[PDB]
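Accompanying notes for the structure given below.
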Amino acid sequence: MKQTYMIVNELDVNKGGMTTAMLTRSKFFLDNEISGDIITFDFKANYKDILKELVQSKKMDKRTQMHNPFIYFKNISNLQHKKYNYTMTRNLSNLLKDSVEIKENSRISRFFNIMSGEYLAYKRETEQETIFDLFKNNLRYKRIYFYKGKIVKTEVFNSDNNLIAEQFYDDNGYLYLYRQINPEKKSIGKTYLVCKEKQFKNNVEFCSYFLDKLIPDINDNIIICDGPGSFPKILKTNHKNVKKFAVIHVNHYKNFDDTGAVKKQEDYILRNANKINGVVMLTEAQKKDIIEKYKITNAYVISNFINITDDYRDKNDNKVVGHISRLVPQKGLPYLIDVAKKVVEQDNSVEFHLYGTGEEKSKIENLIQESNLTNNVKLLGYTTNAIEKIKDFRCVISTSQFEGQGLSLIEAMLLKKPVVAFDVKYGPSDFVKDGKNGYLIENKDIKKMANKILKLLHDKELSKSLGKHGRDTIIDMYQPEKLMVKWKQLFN
Amino acid sequence: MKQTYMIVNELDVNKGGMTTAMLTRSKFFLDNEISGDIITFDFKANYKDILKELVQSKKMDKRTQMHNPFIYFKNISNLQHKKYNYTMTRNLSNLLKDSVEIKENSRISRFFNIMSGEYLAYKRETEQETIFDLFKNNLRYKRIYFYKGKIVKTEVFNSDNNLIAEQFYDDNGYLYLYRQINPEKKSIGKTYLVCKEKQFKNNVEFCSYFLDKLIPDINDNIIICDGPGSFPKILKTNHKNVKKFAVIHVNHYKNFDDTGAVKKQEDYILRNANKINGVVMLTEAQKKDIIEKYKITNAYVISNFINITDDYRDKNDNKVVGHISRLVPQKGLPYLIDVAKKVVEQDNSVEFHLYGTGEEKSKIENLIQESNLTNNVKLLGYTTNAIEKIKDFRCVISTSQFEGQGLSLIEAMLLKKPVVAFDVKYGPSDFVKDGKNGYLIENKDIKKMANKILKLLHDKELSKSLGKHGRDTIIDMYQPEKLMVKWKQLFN
Amino acid sequence: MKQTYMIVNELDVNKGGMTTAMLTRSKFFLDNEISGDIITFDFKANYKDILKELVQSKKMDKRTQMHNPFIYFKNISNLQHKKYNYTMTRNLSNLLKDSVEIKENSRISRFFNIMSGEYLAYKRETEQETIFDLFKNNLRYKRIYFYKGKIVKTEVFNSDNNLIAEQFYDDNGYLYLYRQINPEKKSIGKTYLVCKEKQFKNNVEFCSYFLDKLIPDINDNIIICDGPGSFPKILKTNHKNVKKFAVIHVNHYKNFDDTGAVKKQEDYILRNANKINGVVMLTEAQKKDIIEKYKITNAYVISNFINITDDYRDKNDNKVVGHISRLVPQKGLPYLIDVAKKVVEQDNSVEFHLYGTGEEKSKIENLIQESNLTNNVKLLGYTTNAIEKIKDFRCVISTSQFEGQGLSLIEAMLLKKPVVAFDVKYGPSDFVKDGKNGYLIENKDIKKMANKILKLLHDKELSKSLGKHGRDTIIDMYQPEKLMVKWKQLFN
Ligand SMILES: [Cl-]
Ligand SMILES: [Cl-]
Ligand SMILES: [Cl-]
Ligand SMILES: [Cl-]
Ligand SMILES: [Cl-]
Ligand SMILES: [Cl-]
Ligand SMILES: [Cl-]
Ligand SMILES: [Cl-]
Ligand SMILES: [Cl-]
């Protein structure tokens, strides 16, 4: 049974894109006797609960395992000793002994000695998460983190209360990892594995060491670096038999850059692509651009797996248009506010409920009132669920100028719902067949977009027909069975 | 018996203006069954001795009491415990045990360990005031203050030897107050009352808490905020029955500001005058300007109390003219040096002994030599006593461009001595009746001032007559009995 | 027996100029019943070994003694106590007890506690020289130096890891010296002698105290300040009978300064020359310039002692020209590279092996390749020995624009070897008699220098004759016996 290892840095809840796609990939892979496991490199004491919530929310398969350096070496150190280190816990209590706890809030509480007249510590008692900011001469020297009534991590700060070193302890109370962080650049430098008496120059060396000790050197094990920041770690691994790949999930080109400069991260994975066993893209256009600029031969194009769920039941209604996209400078609805203003001049009754939070939200809502859209638009409260939310909604908007793959658009095709793409990143040129299915209009085409959106709403049955065969288009193009065959060819 | 509470921040020795006026006010108030007590907010271990010296120097009545937050809460904590905290004292001795005291001076002495090779502490043994600057890694971490062989206050410093926190102990050796000071802005921030397990955001909240716990909420108790910086503390008090007033002792207008901008402090007490029960002024002109710009209705005009002392006995003499005013940029004798130079060209024998120290003193004395007045002027050594000093002197000068009330001028009227005002702040338009009494000449009138001063000296008996009825003018206008009647009307 | 005291700051190995000259001076002085002792002011635990190596390398006489403040007061403190201070040593071991030593290199080793999770110390175990950089909150607080398994010196650093204080211990483990260093200006300030409970404002006061306690106040003892930086220390000595002198070994004029500004150090020794009993120069020209600008009367001219070694035996050969001079901006071979390029255009076979390291070396070697001299020149590897190295070499180059005394040139005269001076500092106008002996050509005379160098090589026997009587010239002018007679006249 082939053991694939999707490489990322973090895997938290309420996070889509690569995260969700990797979970989907794992399930489909395992369905064809190919163990799908995720490799993270972040520290989270709540990781157990996070992954549990995900599995329970059908956001990941139970077979999908998560390998993390911290947990791995924690278990190694847990077996080195037998007794519990009560030293730190006792010392903390003896410091806050006969102290006066001045509670500012219900959680916030500061400790003071009346006998030594010294500020001892600060405590924010969050649910089973007490954080003791220890003080010396009214200056923070340490910050003890707690979980399940056990010290999980301590942090030493400098004269500017900036992190200079982080420390990680096992479930026996002993140190296994010591990382020195540069106050400037905020970069994890000299890393020390005290559980194996080892010294690393960077976290890259530590993460590579972890991967070399976890993944055995056989062609039975594949490595799929989905994250563009974890690539340096898969490039330094001392493996010579394990195949390594790099899945690109986004536009390699920098956001809003007419210059046509490629993102530093993606540039590296494409310049040093002569070292990896393949670079996987989702769009044929992405391939053309990359395989021209970098002139690479390992440019393979296999799209992301997508579940067809079920068939909807003629859910017809209309109260508001919807972008259904997280607020992003270019990958949001910036110019779509102007489109809404134009539609308001025709039908003022038409509202606009676009879900998703972000930084642009502020200016967008301010510009709404400016363009007399205080009531004419009514953005949703980033409702977690979307499938059932807009199952009855049609005429979805897509003013993205830099998309990597139209996931939401391909989902609406299976939801028999029309779309209004701007065909500015060729992420929807594959899905929206213009007249046939959806509306692949040009970029900054507010005029044409307005007419299309209004007509689409008016012609209900007609628009449904366009989307109904659009489902079949998606089903055919992105056929799960066909996709994993391509993966197998690349892997083996 | 009405209990008035004059609110100021500090009350030290060798300090006039509000300080002296408040003491005078208290005496006169008490003479009419109205307890006159002063409220300070500063920390001074020597306060007992300071107030004793004042009472002994007839600079305050024995009935005038002083309420201070530090002392109040010190007594509260002194009753919480029974034994003495010898911990700190013993620890200090054990640190400086078998140490080598290298005495730089008679007072300055540094301690060094030959066994640990560490700089322990620095000690400046002033009379019963040992200050131990404790050192760690040749960097000051603490500064222990001593009084009556008891730790009174400790101070924790940062990497730049700048105060980050101050601590105050009781007479039992326990902490009752902890104040965090921002290294920048040098402002007392988060304040902690460990004697009552309370937390304050600023010293304003702590001082308001003190006033709310001291002054009961009845109309029998009045609050007279004489200090312009203590007003925010009387504005935040949770009293709803206690009447609050604001006495202005100075020109609200900024010093040397043709722009006519009002001092930020005074501006606040006049913009938020709609909250207090009255704003007391000393000059009718001050009222007109304030009651116009701020358009307030609670603008009352009652002048400061002044003692008539006794009647002089024709003390006639002349060796030097005298300004008898502390060196101040505009409230000093800047242009009066040019006046002196002009008089020298007429009578070179005429000397100029003006008492009072300041920053301007340097340039003034340098400009003296420049204007050939090295000997032609001979400033006095800021002799504390003035009443008896210039009792025999006549032709006093007043080149103040921004005075709030001519106290020295009104004193010379009772001393039957002529004056030479510049009528530039209308502080002397009330007293100096031009020809009748003194010489209320215009501003920058060196020419006219010279002629007036010379003539005044020459005509002795005539000048005395002008000042003799000037005493009666002051007596009538500023009649003690009449002033306290006005106060009573405002209070009740 | 007269006791002369040559005053310098440091006396390390592989160092010429004053250092070597002082050793030579001492030997010759002692040969005439005049004790020659060197006074240093630097701390070096290896000083014993350094001076031993020198004596063994015939680089100093066994009679030449070295007096150092550190050693002097160390012996004083060694007699104050009897037992050894094991405190520090034990405390160091107890800190690194049950610690995990993570060895980065063979020497570099860091210590970590798994029970307290704290970075303890850093250790670079050089041959019998363990340096423990003690750490607190991942910040360096101390640096313990070791020698013969004994703490010799500790150093306390600040928040910027910059020295704030240095500490020195005796052979019994007790502190005798504590010096506070300003992080800015890097200057030893307040100095404390804990062995004699004394306090000094600077190291000047401490070094003067040392000299006042070492040298008795009689005319039997002379002080020769050879070092220009130790002069302030001989100017503040409380001696009134001991004669003080100042030997100038270099050009008082600043390097590459057409302005003609005199070096601050030398300027001081010549402006405050009215205080010392004489200023000794090596060049009559130096005297003229100094005795004109400063108009001093104590300007004496006695040249440095030089050993005539033996007579060479017609060592004739030629493979490369040689400057035999440490790389220095103006006192090096900067323009001599252009001279070499010109010679290459005539004889490309001619190589150029100039010995001596420096900063200019980089640019010089780069400019070699630039001027097609990658192979045409071949600088030697700064071979310590020079006497025997180029004993067979002739036509030595001297493109120095600011020399104080042509030592190497005077050595080649005794080695019967021609020279090519630039007569730009008049250091060789005394030695090179142009046609008669060597070649005293003008400055920036690449043209003339080229012709001279080539002709000199061609005419072997002739060039030898010029150098053979040049030895006699040096022997006569710089006659050892004659020089010490001049010294005696000045001393007594
Ligand atoms: Cl135990
Ligand atoms: Cl216990
Ligand atoms: Cl490699
Ligand atoms: Cl006890
Ligand atoms: Cl005791
Ligand atoms: Cl309010
Ligand atoms: Cl012992
Ligand atoms: Cl032992
Ligand atoms: Cl002197």
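Shown is the FRET efficiency for A:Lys201 and A:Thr297, computed with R0 = 56 Å from the Cβ-Cβ distance and rounded to the nearest 0.05: 0.95. The antiparallel fraction among DSSP beta bridges confined to chain C stands at about 60%.
Our Cα-only numbers for segment A:376-441 put the radius of gyration and Dmax at 12.0, 33 Å.
List the pairs from C:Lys185/C:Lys363; B:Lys52/B:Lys468; A:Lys52/A:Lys148; B:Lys2/B:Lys59; B:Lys288/B:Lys460; C:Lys2/C:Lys198 whose alpha-carbon separation is above 26 Å, in the order I gave them. Could the numbers behind the result be given before it?
On the way: C:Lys185/C:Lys363 30 Å; B:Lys52/B:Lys468 36 Å; A:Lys52/A:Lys148 17 Å; B:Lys2/B:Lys59 23 Å; B:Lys288/B:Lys460 38 Å; C:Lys2/C:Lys198 31 Å.
From C:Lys185/C:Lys363; B:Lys52/B:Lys468; A:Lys52/A:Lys148; B:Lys2/B:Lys59; B:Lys288/B:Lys460; C:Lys2/C:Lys198, over 26 Å: C:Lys185/C:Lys363; B:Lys52/B:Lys468; B:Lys288/B:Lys460; C:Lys2/C:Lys198.
Here the 3J(HN,Hα) profile of segment B:241-249, calculated from phi with Karplus coefficients 6.51, -1.76 and 1.60 at θ = phi - 60°, is 10, 5, 6, 10, 10, 9, 8, 8, 9 Hz, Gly and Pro shown as x. Distance from the B-onto-C rotation axis is smallest for the Cβ of the chain B residue given, in whole Å, as B:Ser159, 3. Taking 18 Å as the straight-line reach from the Cα of B:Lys263, the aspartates and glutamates in range (excluding those fewer than 8 positions away in the same chain) are B:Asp226, B:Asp289, B:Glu292, B:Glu403. As a ratio to 2.2 N^0.38 Å, the alpha-carbon radius of gyration computed for segment A:180-239 takes the value 1.25. Determine the distance separating the Cα centre of segment B:153-180 from the Cα centre of segment C:417-492; give it in Å without decimals. Result: 75 Å between the Cα centres. Residues A:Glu359, A:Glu155, A:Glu403, ranked from the fewest to the most other C-beta atoms within 10 Å, line up as A:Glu359, A:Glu155, A:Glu403. Kirkwood analysis of segment B:320-477, using all unique Cα-Cα pairs, places the hydrodynamic radius at 15.5 Å.
Of the cross-linked pairs A:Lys186/A:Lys254; A:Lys103/A:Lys123; B:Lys103/C:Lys82; B:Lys15/B:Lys213; B:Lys123/B:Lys150, which ones have a Cα-Cα span greater than 18 Å in the structure shown? Before the final figure, lay out each step's value.
Working: A:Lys186/A:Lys254 23 Å; A:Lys103/A:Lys123 9 Å; B:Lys103/C:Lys82 26 Å; B:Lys15/B:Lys213 29 Å; B:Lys123/B:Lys150 15 Å.
Beyond 18 Å between Cα atoms: A:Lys186/A:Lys254; B:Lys103/C:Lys82; B:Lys15/B:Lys213.
Inter-copy label distances at A:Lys444, shortest first and taken from points set 7 Å along Cα to Cβ: 6.2, 6.2 nm.
When only alpha carbons of segment B:291-361 are considered, Rg and Dmax amount to 18.9, 54 Å. Spin-label model, A:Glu129 to C:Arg107: label points 7 Å out along the Cα-to-beta-carbon direction sit 4.8 nm apart. Sorting A:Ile387, C:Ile276, C:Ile7 by the number of Cβ atoms found within 10 Å of their own Cβ, with the fewest placed first, yields A:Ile387, C:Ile276, C:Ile7.
How would the protein assembly as shown be classified by its alpha-carbon gyration tensor: rounded, prolate or oblate, with rounded meaning a/c under 1.5 and the a/b versus b/c comparison settling the rest? Provide the component values of the computation, followed by the final result.
Details: a/c = 1.85, a/b = 1.00, b/c = 1.85.
It is oblate, given that a/c is not under 1.5 and a/b is not larger than b/c.
Between the C-alpha center of segment C:240-307 and that of segment B:236-268 there is a gap of 70 Å.
Under the rule a/c < 1.5 gives rounded, and otherwise a/b versus b/c splits prolate from oblate, where does segment B:31-78 land using the Cα gyration tensor?
Numbers: a/c = 2.64, a/b = 1.44, b/c = 1.84.
In terms of gyration-tensor shape, oblate.
Per-residue Cβ neighbour counts within 10 Å put A:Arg107, B:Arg394 in the sequence A:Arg107, B:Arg394, beginning with the fewest.
A Förster radius of 30 Å combined with the Cβ-Cβ distance from C:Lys213 to C:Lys186 puts the calculated FRET efficiency at roughly 0.65. Write down Rg/Rh for chain C, rounded to two decimals, with Rg from the C-alpha atoms and Rh from the Kirkwood relation over Cα pairs. My calculation of the ratio gives 1.02.
Mind checking the alpha-carbon convex hull of segment B:427-477 and giving the volume per residue in Å³?
64
Mind pulling the angle between the C-alpha long axis of helix A:18-30 and the longest principal axis of chain A? Nearest 10 degrees, somewhere in 0 to 90. In chain A, helix A:18-30 runs at an angle near 90 degrees to the longest axis.
Suppose only helical runs count, i.e. DSSP H with n ≥ 4. What mean residue ellipticity at 222 nm does that imply for chain A under -39500 (n - 2.57) per run, divided by all residues and rounded to the nearest 500 deg cm²/dmol?
-9000 deg cm²/dmol
Placing a label point 7 Å from the Cα of B:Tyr86 along the Cα-to-Cβ direction, the distances to the matching points in the other copies come to 3.2, 3.2 nm, shortest first. Counting only residues at least eight positions apart within a chain, or on another chain, the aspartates and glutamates with an alpha carbon under 20 Å from that of C:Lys378 are C:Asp317, C:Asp338, C:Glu345, C:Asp347, C:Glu351, C:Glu359, C:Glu360, C:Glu365, C:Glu370, C:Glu388, C:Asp392.
Take the Cα of C:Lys52, step 7 Å toward its Cβ, do the same at C:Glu10, and the gap between the two points is 2.2 nm. Taking the convex hull of the alpha carbon positions in segment A:87-173 and averaging its projected area over all directions gives 6.0 nm².
Here is how far apart the A:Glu481 label points are across copies: 11.8, 11.8 nm, shortest first, using a point 7 Å from Cα toward Cβ. Farthest toward the positive end of the dipole of the protein assembly as shown, out of C:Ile76, B:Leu373, A:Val350, is the Cα of C:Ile76, where the dipole comes from beta carbon charges about the Cα centre. Karplus-based coupling profile of segment B:45-60, in residue order and whole Hz: 4, 8, 4, 3, 4, 4, 5, 4, 3, 4, 3, 5, 8, 6, 8, 6, with θ = phi - 60° in 6.51 cos²θ - 1.76 cosθ + 1.60 and x standing for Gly or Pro. If the cut-off is a Cα-Cα distance under 16 Å, which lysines reach B:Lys455, setting aside same-chain residues fewer than 8 apart in sequence? Cα-Cα hits under 16 Å: B:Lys319, B:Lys342, B:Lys417, B:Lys436, B:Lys447, B:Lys464.
If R0 is taken as 30 Å, the Cβ-Cβ distance between A:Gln80 and B:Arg90 corresponds to a FRET efficiency of 0.10.
Among the trypsin sites (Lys or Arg not before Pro) in segment B:40-81, those located in a DSSP loop and surrounded by at most 12 other Cβ atoms within 10 Å of their own Cβ are B:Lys58, B:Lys62. Annotation for segment B:25-104 versus segment C:110-138: alpha-carbon center distance of 49 Å.
Note on B:198-206: average number of Cβ atoms from other chains within 10 Å of each residue's Cβ is 1.
Because the Cβ atoms are built from the backbone with ideal geometry, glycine has one as well, and the counts that use them run over all protein chains shown. Readers should treat all values here as calculations from the given coordinates under stated rules, not as data from a laboratory.
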